[PDB]
Amino acid sequence: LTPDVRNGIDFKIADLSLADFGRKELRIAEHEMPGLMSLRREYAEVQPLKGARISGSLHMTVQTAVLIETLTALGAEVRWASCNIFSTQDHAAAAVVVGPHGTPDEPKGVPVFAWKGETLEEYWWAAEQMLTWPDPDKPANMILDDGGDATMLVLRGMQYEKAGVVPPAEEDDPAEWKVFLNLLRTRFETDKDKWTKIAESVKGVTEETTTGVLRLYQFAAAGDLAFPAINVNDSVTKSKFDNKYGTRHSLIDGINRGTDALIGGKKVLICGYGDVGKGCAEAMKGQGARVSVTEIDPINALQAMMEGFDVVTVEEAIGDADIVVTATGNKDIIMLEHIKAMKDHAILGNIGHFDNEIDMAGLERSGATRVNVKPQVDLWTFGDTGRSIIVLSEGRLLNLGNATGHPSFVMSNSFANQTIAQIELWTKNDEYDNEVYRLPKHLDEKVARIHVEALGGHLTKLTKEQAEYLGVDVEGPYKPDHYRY
Amino acid sequence: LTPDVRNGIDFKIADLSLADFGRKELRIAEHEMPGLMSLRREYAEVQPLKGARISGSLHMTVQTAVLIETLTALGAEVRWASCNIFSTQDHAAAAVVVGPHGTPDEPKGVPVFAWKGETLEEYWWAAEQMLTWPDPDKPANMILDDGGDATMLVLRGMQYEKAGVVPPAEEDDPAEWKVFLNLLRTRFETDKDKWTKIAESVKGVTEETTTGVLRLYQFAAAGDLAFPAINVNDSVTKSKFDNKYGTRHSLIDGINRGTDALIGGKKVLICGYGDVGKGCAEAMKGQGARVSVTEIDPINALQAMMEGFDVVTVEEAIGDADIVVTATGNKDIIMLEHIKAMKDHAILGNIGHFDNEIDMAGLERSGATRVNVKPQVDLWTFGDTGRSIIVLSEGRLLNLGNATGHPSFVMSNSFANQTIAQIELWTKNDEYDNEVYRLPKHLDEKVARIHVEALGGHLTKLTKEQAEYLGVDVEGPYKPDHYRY
Amino acid sequence: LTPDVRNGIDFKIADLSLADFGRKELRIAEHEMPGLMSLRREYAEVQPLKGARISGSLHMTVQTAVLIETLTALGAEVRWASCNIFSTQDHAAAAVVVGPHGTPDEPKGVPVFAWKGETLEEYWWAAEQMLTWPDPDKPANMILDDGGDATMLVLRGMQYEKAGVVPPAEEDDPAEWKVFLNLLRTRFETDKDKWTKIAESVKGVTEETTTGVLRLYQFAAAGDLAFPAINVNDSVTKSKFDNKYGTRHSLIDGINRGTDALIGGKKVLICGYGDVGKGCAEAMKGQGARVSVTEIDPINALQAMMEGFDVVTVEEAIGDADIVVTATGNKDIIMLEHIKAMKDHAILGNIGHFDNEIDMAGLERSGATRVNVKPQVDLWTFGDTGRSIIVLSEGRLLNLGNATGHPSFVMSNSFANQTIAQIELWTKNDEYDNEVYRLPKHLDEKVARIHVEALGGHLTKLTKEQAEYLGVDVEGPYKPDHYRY
Amino acid sequence: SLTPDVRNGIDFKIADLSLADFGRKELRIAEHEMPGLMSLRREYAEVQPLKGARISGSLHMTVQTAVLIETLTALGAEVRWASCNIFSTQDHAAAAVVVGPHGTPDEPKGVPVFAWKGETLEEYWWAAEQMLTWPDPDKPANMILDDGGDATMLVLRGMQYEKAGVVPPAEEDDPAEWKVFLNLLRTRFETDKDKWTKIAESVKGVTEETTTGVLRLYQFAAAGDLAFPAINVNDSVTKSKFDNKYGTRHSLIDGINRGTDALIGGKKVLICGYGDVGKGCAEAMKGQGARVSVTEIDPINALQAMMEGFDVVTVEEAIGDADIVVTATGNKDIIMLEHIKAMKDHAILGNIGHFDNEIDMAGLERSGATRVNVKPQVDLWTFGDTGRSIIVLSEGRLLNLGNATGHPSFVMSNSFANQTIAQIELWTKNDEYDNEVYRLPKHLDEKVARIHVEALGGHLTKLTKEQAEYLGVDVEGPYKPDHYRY
Ligand SMILES: NC(=O)c1ccc[n+]([C@@H]2O[C@H](COP(=O)([O-])OP(=O)(O)OC[C@H]3O[C@@H](n4cnc5c(N)ncnc54)[C@H](O)[C@@H]3O)[C@@H](O)[C@H]2O)c1
Ligand SMILES: NC(=O)c1ccc[n+]([C@@H]2O[C@H](COP(=O)([O-])OP(=O)(O)OC[C@H]3O[C@@H](n4cnc5c(N)ncnc54)[C@H](O)[C@@H]3O)[C@@H](O)[C@H]2O)c1
């Protein structure tokens, strides 16, 4: 379509009149997010992100809305879009455009391009607008990314400019791939150096998620990582708290809002048992489900068995499982042949990445019929067997599609890491090369201590003899770099 | 307020057009409810309930619609009303008026008087409409009650018609008591034998929850139970499953939809540790919460400590609690002095009974300012401390007000008990005196069997020598009458 | 054998020199057994049990030691025998014979006829020794019993006396039945009226375990209960604590002493999900095990599924099970054919009753080879499959045979029930008929309160208005009598 | 002032050789639970990779270790063994080891062992020296397998005092073990002036089993006093995340249950430290229904603690009403006499970490409290001024091993599998290794894991050619980046 404009701010959301509801919820998230509020007070005078022009691509939720206003509290200008077609919280997007001090007729916030229920075409357009700053002599100079979509637009964009052509999409490529090229091919017809000029301008990217960090590795190994990158995902306080315990919280929320199906007493299959696999399984156990897991990695599999779970393959467990949940971050986990053998009215969901863990393209062209129950709940029925399957969020993240994603105090951790990673890549750009980096242990321990204190946990303080005995400083770090917690 | 009437059906709901949506979730729900679906098969030809005119007072949820259409499949005529002002699922209510083979233009289901977010005046108007059948010759001849507001309206209704006067409300009476008395008083100045006529027509009551069953004990003690009552609550497959595992599910959902407070790592105070208290503590402990309990009973209290919870008074733990849940079925549990001691932005909710476990009158009278966040969530702020708390559903059942109540498969237990109870009191009425009964053990066992079979469990069968050793029939019952499971 | 006699106390134990070790652990246990130490204090001056001559059949442990010495503190005379051939803890029996003030040279305690590792013959000789008081004018006038063996001697012995003959055993009879029949026959020669005299003298029996109480229920239905009986098993503070939270303690101890098998990660099969079964499953799940349950009762079977356990048959699960535990109180659970199907080096144990849950006579006669590894551990090998299984305590109670049984504090609940039952039946004998009984709610509540105050927990006291709301006294009882906790 | 037994060419010193029939029974049973070790015997039998190895071992002398020992010898090694703790030796295990699968108490056919449960500190360091002192002066120890770094410390400190030419006088205020350690090296330096230096030349590598052992290994290295290559066995994922945590979940319960008859559920339990060993302690108690609080110095460990449902507190604020207190820090001075005086009457105190210094046993024994021994490794300590008593397990030394029998077999299958691979690699590939602390590669860590998964019956998924490609891993693994924390 065409961006909305109002009082200096271009944007495109569902409804600005939701801003008042949003503001109330933001204000409440603030009291649950000490990672960001503590970062606001510390960096208030310094203004470390001044000059920064951050293009962000992360689910547009209340929690992100508090992160965005942490970045502007520290000097930055931002533009934003979501990273899933279903995860935008519309009242959040609207509080963000309107700002703490504006009204919907006079918005005083930041540009936002997101709404719940985008098509694939609307998602890539919203993307483009987030990356395309209004003065051509001042492009995006930082990226905050989730799952690697922004970075993939710029780096593929550039790689097709440099080559003078965008390749025509093969028929058997995702329909999102067809859409992605169309955006660049149509852009290239008019502007030949657009993504090149943005790439050469961006001083670093901070990436939130495991799947995004796998893409960052494939760019650096091919030699195309065109700017420094921080792996925020693998901070101890991100991966072992947001990936695991945010999920222990929000799988349950996703499933309860989608279905009115009992968890306890049912057979649940969790695919993959990494940090997201771990949390899915612990929530289900705690609700008294009969859990089984799949894994490729014998270490991760031995962990499952020790925590009380059968390790099995999909084809062994599929036709008896009541609830099936993919959490591997890999493709082609649950296929049409598997869906076809699922019990009647079994629940299928993905909590990992994109929509390729579950074979959605195969299911659509199989001859099953779909009845939409409500947004992001669809019942599919096979005429030959008579059996039906409930599918959540069209195979895309069910905790963000069917619910609200992880609670506020969990994102306080993940986003404290994101704020810290932006400061260090902006103010210290000189010390980093075009490779993937992780934040030092002290910064990880900084963030955790904030939350330990907010919870009321009373840390023991080492004596001088005890620090000497351990080979550590009283103030930390307390552990070796390889330490696994 | 006047009832709507299409194709001979009087009703008052939120929106008929929601029926399609409702009907889709009712069909899904029938697949989750083997207990009720078994009973429709079994008694289809017998029509055991032909001639029944059942007035029901019970949360008008999707689970409850599956029940109502069970009673009608078994031959009954029913009229319905919710028993909480927040508990109606308007799409459920719509599906029920319209019936499996009707449409909103030509509905073919049953009279319903129910919408989400009724006022106290609308609530009681509804109950009267539900108890008042079209033909003054054919009143209600059966009651289905959840909490005892249908039984109270009839039994007190007749008490005041006999005294020849409905007393004034004292100025300190509970607002619902005054609203309730205003109903009986206004009916009496036009119709002086109304409640006596229905009370003498009513062949029996089947009662759903603990609180309702206590009322039934106090009417029977005072000589004032005018009809047989079955205590469905204390069916084994109801008390130990609905109250415990149902709540383990639906406590989480309520807090998740109301807030985005993380549960893991948080200090949670459960008040009361009977079966609702036992579900609440197990839901929270499985999400990582540090739980403590309050109890008056030394036995329940010793059970709590043996499952790893501190047993404390509200006085000593209120200031530290991140979430406070009241689950006692008794009043005066969390007083204004206690709300005022709560940490800034803590969560207060009740999952027990009515609205008086929490001092909601005192809170509302106190001078505290209320800001409404969204439906059933309010933030209250004290200008003396500067602290706020979040209160869910105005102090009323949080699981059915903020979310949707216990999930379907649980409610197949409760409502197969309720159907079985209505078949018994209707068809064997001669055999019952005017007092409180509980169902026979073999009936509990038959209910549970359905559910074990549906989930896929395999029950062992006793040989003739083991049945003999045990002193039991191979087909049960298997336990002494005092057995506690 | 011939009883030993020193300082006028007849006895027969393993080694009196253990008394010293015995006394320090007895004293240790007192600090852990509030219910018994409180009763000693309350009824100190009263001396309620003066005149009592208590013949007790109960596992001769440090816990029981504490009981025996409670009953003597309150006035009674006692004589004791274990109720399991392997349960005696010989240092505890030493200390009971020597008494708190005696020495091995000059004992000042009570007659004990117990050692660890008895033969069936020694077992029953010990039984008759404990029931046979020195003075023919002053027989036993009370029985404290666990499993019903002492009651069985008196009542069957009295049956053959009134009939004039003790019958022949058939070659089919179990080894212990033929030894039981042997003892009574050999006595009917020199003493025609021994047991009739004791039945008439016995004022009542108190019975500690589920299986004992079944035996009593069967004596009452056959019109043969010669004296009142108290079912201590089915006190709330016994069944719901000892049967379940004691087993959750002692099942684990028995397996760790018998073997060094990891529990975590292994498949476990628990036969029976009553109270002992519910505690077994709970132990294994908190240690990491993959637990499945077998059951005949569909209610108990559905409680299992809701706590995260498949309900399965022995036929379908026996070959996958690393540990098999029987928890039924029924005979014929694990037969020869099931043992032969067990995987190599799997552990078989029984925590229920006697030794016929496991087909131990089938095994012993099968052709299999036994290597004794150590006391109460044996490896049995099938020359035809070449597989070996480990059998704990020869199929008798694995928690008392291989370990020390339930811990001190759990037994303070069960044994304060027992002391209270003995005071009731002795000092208030007139109020009890010749049928089976359970203690009054208030007496259960008294027991729980003692142990709740000892653990640090704080009960809330009902206000006068809250007590009326509920229709209970501020001091209780607090629950209806069918109440299930 | 004590000298070895010698029979059939074996020198040794144990409790009772007549316990060998019993021990062999338990050993064969343990083999069925240890496929990590049984797998390596099969893979490497034909090749015999440890030929020429003469391994001095200092690791608790348990059934579990017995299978380790008899695995190292199936692979060609010669071994001499002693326990690393004075209370952890299982006598019947020591016997079956000396006597071998095929010998007899009169004609033993196994390996020298210097170990009995309940050694004095003089007998511990004497057994250590023997274990390290091979019969042929030409051929001393050429490999170490150590647990907590006591063997490594004798060799390196021994050496250090030979080169300064004086074993230094023990202070007035030094741990009684330190006084006993020096006294050993000073009596020997009289009659042999280059004993330890010759051994340190001959030792080609050490493999260290435990977190405290590795702390000490890190300190020698920074001193530039690490004389030989060292493999950090503790820090494999399959040792650290399965022995330290899930082993302790099992055997903490066993220690407390054998020591006392105290119910765990319902009680207030306090765990100091929340690393791998602290996390297993907590999980065990939780699952027993305990009311658990933890202490921590590290805020990351502390936040994990709270997310699993535990108050995070200090000793001083929780000590007064804990029913059970367990230290798992591997750091010193956690429970001082002041804390002990504050504990509830008949409360339990134990140590599951290291040595004897987590708990102030030196201050406790000099305080005027009186001691009554209940049974081995159970002592009741009573304070005259309060009337109060505490139960102390294992004199403040490893309770899982002192009061019970250590981790179950299937748990050690993982640690000792990591130990057997460590020894193989450091012997057959010694030239690749500098004098530094080293960890094993991920594929060896996944190979150990795969052995046990498959024993337990877990069925892993196999990646398609396209799946492995997307992840950028080979089908056969490794599956995870090197920073990955599991
Ligand atoms: N939805 C959310 O809120 C959320 C939060 C965090 C991360 N994530 C996403 O979840 C996914 C998992 O991330 P993680 O942090 O757990 O990663 P992880 O690397 O820790 O775990 C992935 C696990 O999947 C296993 N696996 C891979 N292919 C498999 C297959 N075919 N079958 C079975 N197992 C297989 C791997 O062995 C690995 O252990 C990623 O896509 C990540 O982006 C989602
Ligand atoms: N060892 C101890 O420390 C200890 C403690 C308490 C009780 N007990 C003994 O334990 C036994 C059980 O006691 P409880 O109170 O748990 O019993 P319970 O009556 O509550 O339950 C026993 C369960 O076994 C089930 N059952 C019966 N036959 C079966 C079969 N063939 N297969 C599967 N399930 C079957 C029944 O359905 C029942 O639920 C009794 O014999 C009791 O005397 C032992």
# chains A, B, ... in the order shown; residues from 1 in each chain; ligands from 1
call {"tool": "residues_near_ligand", "arguments": {"ligand": "ligand 1", "cutoff": "7 Å", "atoms": "only C-alpha atoms and all ligand atoms", "output": "PyMOL selection string"}}
result
(chain A and resi 147+209-212+239+242-243+246-247+271-277+294-297+300+327-331+333+351-353+397+399-400+405-406) or (chain D and resi 461+463+467+479+486)
call {"tool": "interface_residues", "arguments": {"of": "chain D", "to": "chain A", "cutoff": "6 Å", "atoms": "only C-alpha atoms", "output": "NGL selection string"}}
result
:D and (296-297 or 299-300 or 303 or 312-314 or 446 or 449-450 or 453 or 458-461 or 485)
call {"tool": "closest_residue", "arguments": {"among": "A:4, A:344, A:424, A:193", "to": "chain B", "atoms": "only C-alpha atoms"}}
result
A:344
call {"tool": "atom_distance", "arguments": {"atom1": "atom CA of residue D:24", "atom2": "atom CA of residue C:348"}}
result
21.5 Å
call {"tool": "residues_around", "arguments": {"residues": "residue C:107", "least_positions_apart": "4", "cutoff": "10 Å", "atoms": "only C-alpha atoms", "output": "number ranges by chain"}}
result
C: 5-10, 16, 19, 94-103, 111
call {"tool": "write_last_selection", "arguments": {"atoms": "C-alpha atoms", "output": "PDB file, in the first residue's frame"}}
result
ATOM      1  CA  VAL C   5      15.506 -64.861  80.510  1.00  0.00           C
ATOM      2  CA  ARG C   6      17.414 -62.090  82.324  1.00  0.00           C
ATOM      3  CA  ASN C   7      16.206 -59.839  85.129  1.00  0.00           C
ATOM      4  CA  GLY C   8      12.863 -61.680  84.790  1.00  0.00           C
ATOM      5  CA  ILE C   9      12.246 -60.627  81.165  1.00  0.00           C
ATOM      6  CA  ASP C  10      11.807 -63.501  78.728  1.00  0.00           C
ATOM      7  CA  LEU C  16      21.827 -57.922  73.450  1.00  0.00           C
ATOM      8  CA  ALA C  19      21.523 -52.223  73.033  1.00  0.00           C
ATOM      9  CA  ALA C  94      18.220 -55.088  71.892  1.00  0.00           C
ATOM     10  CA  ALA C  95      17.396 -51.648  73.301  1.00  0.00           C
ATOM     11  CA  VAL C  96      13.708 -52.510  73.810  1.00  0.00           C
ATOM     12  CA  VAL C  97      14.590 -55.661  75.885  1.00  0.00           C
ATOM     13  CA  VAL C  98      17.204 -53.650  77.925  1.00  0.00           C
ATOM     14  CA  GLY C  99      14.953 -50.611  78.420  1.00  0.00           C
ATOM     15  CA  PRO C 100      15.964 -46.978  78.887  1.00  0.00           C
ATOM     16  CA  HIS C 101      17.505 -47.747  82.276  1.00  0.00           C
ATOM     17  CA  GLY C 102      18.740 -51.329  81.978  1.00  0.00           C
ATOM     18  CA  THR C 103      21.960 -52.880  80.672  1.00  0.00           C
ATOM     19  CA  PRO C 111       9.845 -59.161  76.227  1.00  0.00           C
TER      20      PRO C 111
END
call {"tool": "closest_residue", "arguments": {"among": "A:229, A:289, A:280, A:39", "to": "chain C", "atoms": "only C-alpha atoms"}}
result
A:289
call {"tool": "atom_distance", "arguments": {"atom1": "atom CA of residue A:354", "atom2": "atom CA of residue A:90"}}
result
20.9 Å
call {"tool": "residues_around", "arguments": {"residues": "residue C:192", "least_positions_apart": "4", "cutoff": "8 Å", "atoms": "only C-alpha atoms", "output": "PyMOL selection string"}}
result
chain C and resi 161+187-188
call {"tool": "select_by_dssp", "arguments": {"residues": "stretch 156-368 of chain B", "states": "strand (DSSP E or B)", "output": "list in words"}}
result
residues 205, 206, 207, 229, 230, 231, 267, 268, 269, 270, 271, 290, 291, 292, 293, 294, 310, 311, 323, 324, 325, 326, 334, 346, 347, 348, 349, 350 and 358 of chain B
call {"tool": "interface_residues", "arguments": {"of": "chain A", "to": "chain B", "cutoff": "7 Å", "atoms": "only C-alpha atoms", "output": "PDB file with N, CA and C atoms, in the first residue's frame"}}
result
ATOM      1  N   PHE A  21      -4.824   1.966  25.564  1.00  0.00           N
ATOM      2  CA  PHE A  21      -4.759   0.620  26.104  1.00  0.00           C
ATOM      3  C   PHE A  21      -3.287   0.159  26.142  1.00  0.00           C
ATOM      4  N   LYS A  24      -1.078   1.748  28.924  1.00  0.00           N
ATOM      5  CA  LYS A  24      -1.338   1.154  30.231  1.00  0.00           C
ATOM      6  C   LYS A  24      -0.540  -0.124  30.364  1.00  0.00           C
ATOM      7  N   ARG A 248       8.894 -22.420  28.717  1.00  0.00           N
ATOM      8  CA  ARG A 248       8.155 -23.105  29.806  1.00  0.00           C
ATOM      9  C   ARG A 248       6.872 -22.311  30.092  1.00  0.00           C
ATOM     10  N   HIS A 249       6.956 -20.982  29.974  1.00  0.00           N
ATOM     11  CA  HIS A 249       5.790 -20.120  30.202  1.00  0.00           C
ATOM     12  C   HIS A 249       4.776 -19.992  29.045  1.00  0.00           C
ATOM     13  N   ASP A 253       0.501 -20.976  27.330  1.00  0.00           N
ATOM     14  CA  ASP A 253      -0.332 -19.861  26.939  1.00  0.00           C
ATOM     15  C   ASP A 253      -0.812 -20.061  25.477  1.00  0.00           C
ATOM     16  N   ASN A 256      -3.412 -23.013  25.384  1.00  0.00           N
ATOM     17  CA  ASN A 256      -4.658 -22.700  26.105  1.00  0.00           C
ATOM     18  C   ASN A 256      -5.554 -21.666  25.398  1.00  0.00           C
ATOM     19  N   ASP A 260      -9.347 -25.592  23.831  1.00  0.00           N
ATOM     20  CA  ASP A 260      -9.720 -25.813  25.251  1.00  0.00           C
ATOM     21  C   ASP A 260      -9.370 -27.258  25.640  1.00  0.00           C
ATOM     22  N   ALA A 261      -8.188 -27.694  25.218  1.00  0.00           N
ATOM     23  CA  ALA A 261      -7.736 -29.063  25.387  1.00  0.00           C
ATOM     24  C   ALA A 261      -6.922 -29.245  26.658  1.00  0.00           C
ATOM     25  N   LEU A 262      -7.293 -30.248  27.458  1.00  0.00           N
ATOM     26  CA  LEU A 262      -6.524 -30.596  28.659  1.00  0.00           C
ATOM     27  C   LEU A 262      -5.112 -30.965  28.283  1.00  0.00           C
ATOM     28  N   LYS A 266      -2.529 -36.323  28.946  1.00  0.00           N
ATOM     29  CA  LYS A 266      -2.387 -36.516  27.453  1.00  0.00           C
ATOM     30  C   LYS A 266      -0.975 -36.882  27.020  1.00  0.00           C
ATOM     31  N   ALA A 283       7.299 -27.514  30.977  1.00  0.00           N
ATOM     32  CA  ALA A 283       5.914 -27.012  31.113  1.00  0.00           C
ATOM     33  C   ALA A 283       4.917 -28.140  30.980  1.00  0.00           C
ATOM     34  N   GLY A 286       4.907 -30.452  33.960  1.00  0.00           N
ATOM     35  CA  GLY A 286       4.419 -29.768  35.177  1.00  0.00           C
ATOM     36  C   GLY A 286       2.920 -29.699  35.200  1.00  0.00           C
ATOM     37  N   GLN A 287       2.314 -29.938  34.033  1.00  0.00           N
ATOM     38  CA  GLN A 287       0.851 -29.921  33.847  1.00  0.00           C
ATOM     39  C   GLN A 287       0.349 -31.342  33.779  1.00  0.00           C
ATOM     40  N   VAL A 373     -11.255 -22.101  12.555  1.00  0.00           N
ATOM     41  CA  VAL A 373     -12.051 -22.000  13.781  1.00  0.00           C
ATOM     42  C   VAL A 373     -12.094 -20.532  14.293  1.00  0.00           C
ATOM     43  N   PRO A 407       6.586 -13.953  28.841  1.00  0.00           N
ATOM     44  CA  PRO A 407       6.169 -12.877  29.741  1.00  0.00           C
ATOM     45  C   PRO A 407       7.203 -11.771  29.864  1.00  0.00           C
ATOM     46  N   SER A 408       6.821 -10.644  30.454  1.00  0.00           N
ATOM     47  CA  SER A 408       7.672  -9.462  30.437  1.00  0.00           C
ATOM     48  C   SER A 408       9.041  -9.607  31.105  1.00  0.00           C
ATOM     49  N   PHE A 409       9.171 -10.436  32.153  1.00  0.00           N
ATOM     50  CA  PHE A 409      10.401 -10.451  33.021  1.00  0.00           C
ATOM     51  C   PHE A 409      11.466 -11.307  32.330  1.00  0.00           C
TER      52      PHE A 409
END
call {"tool": "residues_around", "arguments": {"residues": "residue C:434", "least_positions_apart": "2", "cutoff": "8 Å", "atoms": "only C-alpha atoms", "output": "PyMOL selection string"}}
result
chain C and resi 220+225-229+432+436
call {"tool": "write_last_selection", "arguments": {"atoms": "N, CA and C atoms", "output": "JSON list (two decimals), in the first residue's frame"}}
result
[["chain", "number", "residue", "atom", "x", "y", "z"],
["C", 220, "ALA", "N", -15.58, -60.17, 60.17],
["C", 220, "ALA", "CA", -16.84, -59.54, 60.58],
["C", 220, "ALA", "C", -18.04, -60.01, 59.73],
["C", 225, "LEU", "N", -15.73, -61.90, 64.22],
["C", 225, "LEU", "CA", -15.00, -60.89, 65.01],
["C", 225, "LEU", "C", -15.38, -61.00, 66.49],
["C", 226, "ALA", "N", -14.49, -61.58, 67.30],
["C", 226, "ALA", "CA", -14.80, -61.84, 68.69],
["C", 226, "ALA", "C", -14.64, -60.63, 69.62],
["C", 227, "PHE", "N", -14.00, -59.57, 69.14],
["C", 227, "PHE", "CA", -13.77, -58.37, 69.97],
["C", 227, "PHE", "C", -13.78, -57.10, 69.12],
["C", 228, "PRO", "N", -13.97, -55.90, 69.75],
["C", 228, "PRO", "CA", -13.93, -54.70, 68.91],
["C", 228, "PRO", "C", -12.60, -54.51, 68.20],
["C", 229, "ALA", "N", -12.62, -53.76, 67.10],
["C", 229, "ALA", "CA", -11.40, -53.51, 66.36],
["C", 229, "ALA", "C", -11.35, -52.08, 65.88],
["C", 432, "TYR", "N", -17.89, -49.85, 72.35],
["C", 432, "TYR", "CA", -17.53, -50.54, 71.12],
["C", 432, "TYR", "C", -18.09, -51.95, 71.05],
["C", 436, "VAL", "N", -15.81, -53.61, 63.16],
["C", 436, "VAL", "CA", -14.62, -52.81, 62.83],
["C", 436, "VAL", "C", -14.87, -51.26, 62.89]]
call {"tool": "atom_distance", "arguments": {"atom1": "atom CA of residue D:261", "atom2": "atom 22 (C, counted along the ligand's line) of ligand 2"}}
result
25.9 Å
call {"tool": "closest_residue", "arguments": {"among": "C:375, C:349, C:440, C:362", "to": "ligand 2", "atoms": "only C-alpha atoms and all ligand atoms"}}
result
C:349
call {"tool": "residues_around", "arguments": {"residues": "residue D:199", "least_positions_apart": "6", "cutoff": "12 Å", "atoms": "only C-alpha atoms", "output": "ChimeraX atom specification"}}
result
/D:54-56,129,132-134,137-144,151-152,154-159,162,205,227-228
